[PDB]
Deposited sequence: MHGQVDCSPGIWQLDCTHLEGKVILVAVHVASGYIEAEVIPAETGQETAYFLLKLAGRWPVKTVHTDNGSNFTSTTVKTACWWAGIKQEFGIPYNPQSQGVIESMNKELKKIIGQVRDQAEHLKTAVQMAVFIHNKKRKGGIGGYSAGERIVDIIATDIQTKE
């Protein structure tokens, strides 16, 4: 599968919102607790993500997530396209959160601990952290 493809979705936990980006070819996650599910937050998160990785196209399970001109502007500026055709790893991330949730006071901290655990964990075999970097390097030179 193509190396510039990400998937972006929100989950709710403790009445708060978690934005979850999955790098599809690799399983690597970035995530962030946002105070509300707005186009503002999604636009911002997209700019952050695009500064960090080569992001060509973004899929979602909720297309209306992407309809605001606020979001369309971010994609425009960073040069991102939306999907043309078409786990959950939200599941196990949500498993890992509940697991570490005692280890921290705020949800946001548990989230980051869970992203840490998820991206490092060897599946086998490489880790999602190792696979992303390999995929993206393999695809450069």
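Stretches of the deposited sequence lacking C-alpha coordinates, numbered from 1: 1-6, 93-102, 141-143, 161-163.
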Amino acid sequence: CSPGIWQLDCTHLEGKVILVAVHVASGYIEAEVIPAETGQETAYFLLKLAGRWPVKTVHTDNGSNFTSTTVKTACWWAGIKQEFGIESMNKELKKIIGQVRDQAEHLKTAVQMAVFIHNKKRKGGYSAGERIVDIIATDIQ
From here on, numbers count along this sequence of modelled residues.
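Per the PDB record, of the two stretches 61-69 and 94-102, 94-102 carries the greater mean B-factor over its C-alpha atoms. Judged by mean Cα B factor in the deposited record, 76-84 ranks above the other of 76-84 and 47-55. Among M89, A114, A31, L107, the highest C-alpha B-factor recorded in the PDB entry belongs to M89. Ranked within its chain, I5 lands in the middle third, by CA B factor from the PDB record. Ranked by C-alpha B-factor against the other modelled residues of its chain, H23 falls in the lowest third.
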